[PDB]
Amino acid sequence: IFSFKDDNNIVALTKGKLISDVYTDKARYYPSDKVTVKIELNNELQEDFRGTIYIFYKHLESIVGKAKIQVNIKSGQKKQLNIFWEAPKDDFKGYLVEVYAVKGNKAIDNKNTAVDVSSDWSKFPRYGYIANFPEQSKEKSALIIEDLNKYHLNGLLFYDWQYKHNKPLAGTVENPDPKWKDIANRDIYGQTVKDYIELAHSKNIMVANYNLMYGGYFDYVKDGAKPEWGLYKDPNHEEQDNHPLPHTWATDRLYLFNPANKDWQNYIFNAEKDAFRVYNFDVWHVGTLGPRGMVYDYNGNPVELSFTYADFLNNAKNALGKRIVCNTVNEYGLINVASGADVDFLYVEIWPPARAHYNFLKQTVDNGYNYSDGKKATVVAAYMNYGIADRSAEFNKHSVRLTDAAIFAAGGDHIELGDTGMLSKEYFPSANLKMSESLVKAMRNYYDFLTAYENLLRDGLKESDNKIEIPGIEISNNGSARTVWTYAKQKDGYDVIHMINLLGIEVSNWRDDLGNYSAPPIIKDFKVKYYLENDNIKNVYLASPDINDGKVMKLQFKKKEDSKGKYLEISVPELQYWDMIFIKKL
Amino acid sequence: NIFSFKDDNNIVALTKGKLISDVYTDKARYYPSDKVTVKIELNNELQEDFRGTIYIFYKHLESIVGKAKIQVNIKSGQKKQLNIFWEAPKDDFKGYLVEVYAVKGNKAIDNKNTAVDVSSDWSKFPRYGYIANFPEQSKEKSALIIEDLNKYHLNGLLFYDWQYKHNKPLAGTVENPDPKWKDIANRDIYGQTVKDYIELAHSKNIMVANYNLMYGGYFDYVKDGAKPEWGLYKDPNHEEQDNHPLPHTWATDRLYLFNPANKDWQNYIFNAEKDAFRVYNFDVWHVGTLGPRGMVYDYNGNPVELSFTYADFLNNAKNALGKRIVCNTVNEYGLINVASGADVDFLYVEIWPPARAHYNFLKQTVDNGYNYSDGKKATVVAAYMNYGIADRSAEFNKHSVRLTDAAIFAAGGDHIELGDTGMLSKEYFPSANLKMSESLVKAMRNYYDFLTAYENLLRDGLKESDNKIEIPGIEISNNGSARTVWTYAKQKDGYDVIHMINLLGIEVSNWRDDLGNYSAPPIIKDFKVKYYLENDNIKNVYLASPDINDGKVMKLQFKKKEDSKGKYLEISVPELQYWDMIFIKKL
Ligand SMILES: OC[C@H]1O[C@H](OC[C@H]2O[C@H](OC[C@H]3O[C@H](OC[C@H]4O[C@H](OC[C@H]5O[C@H](OC[C@H]6O[C@@H](O)[C@H](O)[C@@H](O)[C@@H]6O)[C@H](O)[C@@H](O)[C@@H]5O)[C@H](O)[C@@H](O)[C@@H]4O)[C@H](O)[C@@H](O)[C@@H]3O)[C@H](O)[C@@H](O)[C@@H]2O)[C@H](O)[C@@H](O)[C@@H]1O
Ligand SMILES: OC[C@H]1O[C@H](OC[C@H]2O[C@H](OC[C@H]3O[C@H](OC[C@H]4O[C@H](O)[C@H](O)[C@@H](O)[C@@H]4O)[C@H](O)[C@@H](O)[C@@H]3O)[C@H](O)[C@@H](O)[C@@H]2O)[C@H](O)[C@@H](O)[C@@H]1O
């Protein structure tokens, strides 16, 4: 009766009319932790409810637990219901949690959440951000943290919280200044920073401190940095490299330093040590600005910037006793960081206008996997609808979903959600684009999916060369326009096939610069052919954040053979944006 | 066997180059069953008369597919040329090594090799070069230059800055072409030299490519009938047309850019090109691009993302002209778009430091072109060597130039670097301040023979292999890291192939060597390579290198073994200097 085909499942009639929300107390759980599932009921059935709430805990295709609770709730009344569960003992596992409201012998509402059991964020990063630190009650800060925990975000990057790039702590360790100007002359309140950190930590969220690897203000000599540590655009120390900034900001430019200079390292590590002593950050998120052209140290020797990164980052980790993440802009330095630096995971920011094609969302994640020999996960910053980011306007709910399907299916994570809603540009506080209610609802599904299926998306997978066909439909393996983008991967116990619908896409630009993409065409009851070596295939499944909020469905299939060999012919009921087929092997 | 180098009757070492002065062929590529003419130039510098035998062996990978011999009497200080005729075997898209030996008594005293490519079309195995200067000159002089380039088996040549204007390539009319004109840099171009080169190139089965941008026009383009409505703009109000700035002394101060998706621009530039192709018998339009332009808009203020306009422009150009098309995607800007959607003969990528400085990019550029085309298009790379010293009069670094070619060729690529001025040092092809030393020329002859002769093992039906490689005692990498042997494996029908590229003398993984000061790699002799291979139906193990006996295959000793990581072949390698290709023949 919890099956949606079943005549005793009228959920489509009454969806969201009893179950208002479902979420958990934390972002991440240690094995055997108590998990608290929180259910918010709001009876909008215009009728009193006297029934039962069913909860199923699922690991991929399997039921790993269930619970039921009788609940009455009168028309127009609200209630909360908490369900308590012990996280299973296996580390690094994702689960879907399915909640059903049942009256009589019939399911009348359903909503899902997810649970990530991971002892460390670094295998399955789900990075978000906080860009604003105004004076506000701890109570208001707690509400923002609760909002973000809905998406199971397990890391938060605090963007432009610090005082100076070469002196992040305002005041001193013995007496910290409670208020200061950031880079853009915004007011930052230290107590808001501290509150966010504590609230994050109570939900097992890692908190990351943004600063550049190599930046200092116009007046860096006053604070005790030397021109002799600098990075220069010429071999005669005339023009120190720099990042120009708008004239109302705290300094007219950030001057750049040589990361390989040992005096810069000692100086910046000491300044950060002070910041980490006052503000209980877990991570230093080390920013970079990407390739800088031909550059030189003070004495005119050329500097190969990317060759300096790993040494800097490993020394920084040792100096601070904290975790490190480095942003390799446009993959500049990614090979060097992936193979040599003890970073928690890889982080790649795309700046435009190269890397516009959908395939780069996949390929960036593939490069991170290959250059790390499969040891590091990859986070992508890929700012959606960037061409309209100076408009008072909305994120396009279609292109945002396709971009996330592209990154998530490839085994990546997309840094996009935060206190201001969603990122529209590299300056995180810029918030001219808002998420509509429909997009928010999509993101809840997509982030539940990213969590519950993490074991099939980015755990022990290799690329498969088994051929896929979708008879009658144009396909591509690389995100080409007017195709279903499809490719396969394999791991121990499972083969996974992804289908991403670009049939509505005329031009394969993931960014959707006018914010005007449309709903993909919907294909129902079609066939996929998967050319498989082995015969011991008992079951084939599908899950999609577009279909019943990520609930697994068993698919019909047949074993067949034609001129290209043996294959499974898989019956697929529906594709909207993104479907994940998964085949259970031995 | 007196021809093997380990044999004591082979004393080639002492008298190398003292009798066989050169070996080469009449054409760049051959159709199946064409007559192949191998030309052997003798110059007896032995200081005694020679009365012996010249042996020619025709090799396909490990196997002898033919042989010939001719006894020769040649006196001390005499020169003679032999012409030896062979029939190209019937299988298309095959490369061969041609080994020439001078034997006196039972002793081999000299050796020189060349190669032969049997290909009915250049596009599978492109070997692209250039011609940059078109002064007034005799056909006989043009023929000598084509002969020099043919030594390297170049099967296509890009004519760079031959044309009159980027928006009007033909000077004069079709019926009355101007016999000469000024190019974009105000150099004198002679029409007859362009024509002579085209004709000479065709006689050797060399494709000739006409350079011009996709979307460029001179400062006075309105006079020539082009409209600013077709243009590409840096703002949405059509205030400032996008442009490529040029020196003030040149024919135009700048090249104004147009929107390739504008059908009126297409129609105009296709007609302009149609006239040039009616006069000059070019085979290919090599369509230039400048790479990313930032945010650009059409005349009405609509944003244009350039990379997504390329494929359709190129396909329309091909259909309008009836000619072959190639398009350069600068730093891969547009590469996926062209590779997946354009009917180009092959892919072409300029790659630039600092972003793409790492050795890995030489391989990854080729891998991308291959993956994005679903294995259907070959890739050519432009990577201008020793760029940092290229404004002053000097020599190329012979070590970094070899390592760059090893990396490109091993990956299944080709490198556009050789032409009328010697070798490329800048993106402005005529800039020729760097010269190749004699020793580099000698290496390039070897490397281009190797590129041709081993084309079937380098870029014909190969996939990446995940079979483990170890080199005990030596640091290795799969990605061109500094202070390693760069090694990886590929497999095809009948062969596994293992490349080793020696980056042990490299401090920083940077292929360009901007100061021109890279050193000879260390030489590693008599070492072991472990190659973990499941199947044991192995026929033999071979090695070829352009650094060792001019590309001649050697059979290697190996042993079947097993340790905790699985079964492996322990392969004994006599020597690695720059680049070895091991290949393993399956049963
Ligand atoms: O007189 C003293 C000077 O002489 C010499 O330099 C002359 C000029 O050469 C070039 O311009 C002449 C040619 O212009 C057109 O073709 C331009 C080139 O098109 C391709 O290369 C594109 C691009 O590559 C490099 O930039 C990479 C990348 O960098 C980013 O910063 C940028 O945002 C991206 O858009 C860009 O893709 C390179 O730095 C840049 O110069 C190039 O524009 C193609 O592969 C090249 O072969 C081709 O040259 C025109 O179509 C041609 O007919 C014409 O010959 C050069 O662009 C000018 O900068 C030079 O002034 C000496 O070499 C120089 O030292 C001296 O200053
Ligand atoms: O009048 C409005 C105009 O300015 C606005 O944009 C402001 C600037 O934003 C960025 O620079 C500020 C930023 O600079 C460094 O960080 C640069 C980037 O590097 C990191 O690695 C990271 O990945 C990025 O998120 C980060 O932005 C400092 O380290 C950091 O503290 C500062 O915030 C741009 O780089 C500048 O070009 C901009 O001027 C407005 O958004 C624009 O639309 C207007 O141009």
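Convention: sequence-line order gives letters A, B, ...; per-chain numbering from 1. Heavy atoms only: backbone and side chains are in, while hydrogens, waters and symmetry mates are out.
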Report task. Using a heavy-atom cutoff of under 4.5 Å, enumerate the residues of residues 503-513 of chain A that contact chain B, numbered in order, or state 'none'. Result -> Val507(A), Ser508(A), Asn509(A), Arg511(A)
Query - Nearest-0.5 Å distance that lies between atom NE2 in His358(B) and atom CD in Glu304(A) - result: 9.0 Å
Report task. Any chance you could measure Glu463(A), atom CD, to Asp466(B), atom CG, to the nearest 0.5 Å? Result -> 10.5 Å
Query raised in the report: Would you say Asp493(B) has more than 12 foreign heavy atoms packed within less than 6.0 Å of its CG?
Result: no
Requested in this report: With sequence neighbours excluded, tell me which residues meet side-chain contact (heavy atoms from CB on, under 4.5 Å) with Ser431(B).
Outcome: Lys426(B), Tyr428(B), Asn433(B)
Query raised in the report: Just checking heavy atoms, which of residues 361-374 of chain A are less than 4.5 Å from chain B?
Result: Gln363(A), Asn367(A), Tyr371(A), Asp373(A)
Query raised in the report: Should the heavy atoms of other residues, nucleotides or ligands under 6.0 Å from CD of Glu534(B) be counted, would the total exceed 12?
Result: no
Query raised in the report: Can you find a heavy atom in the side chain of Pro354(B) that is under 4.5 Å from one in the side chain of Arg292(A)?
Result: no
Query raised in the report: Has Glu475(B) got more than 12 heavy atoms of other residues, nucleotides or ligands less than 6.0 Å from its CD?
Result: no
Query raised in the report: Taking atom CZ of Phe361(B) and atom CD1 of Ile335(A), what is their separation to the nearest 0.5 Å?
Result: 6.5 Å
Report summary line: Turns out that what part of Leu305(A) lies under 4.5 Å from chain B's heavy atoms comes down to neither
Report task. Please list, chain by chain and in numerical order, all residues satisfying ring-ring contact (aromatic ring centres under 6.0 Å, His included) with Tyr386(A), sequence neighbours excluded. Result -> none
Query - Contacting moiety of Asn331(B), where chain A heavy atoms sit under 4.5 Å - result: neither
Query raised in the report: Can you tell which of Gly293(A), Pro352(A), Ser306(A) has the highest number of heavy-atom pairs within less than 4.5 Å of chain B?
Result: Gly293(A)
Query raised in the report: Under 6.0 Å from the CZ atom of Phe307(A), do we count more than 12 heavy atoms belonging to anything else shown?
Result: no
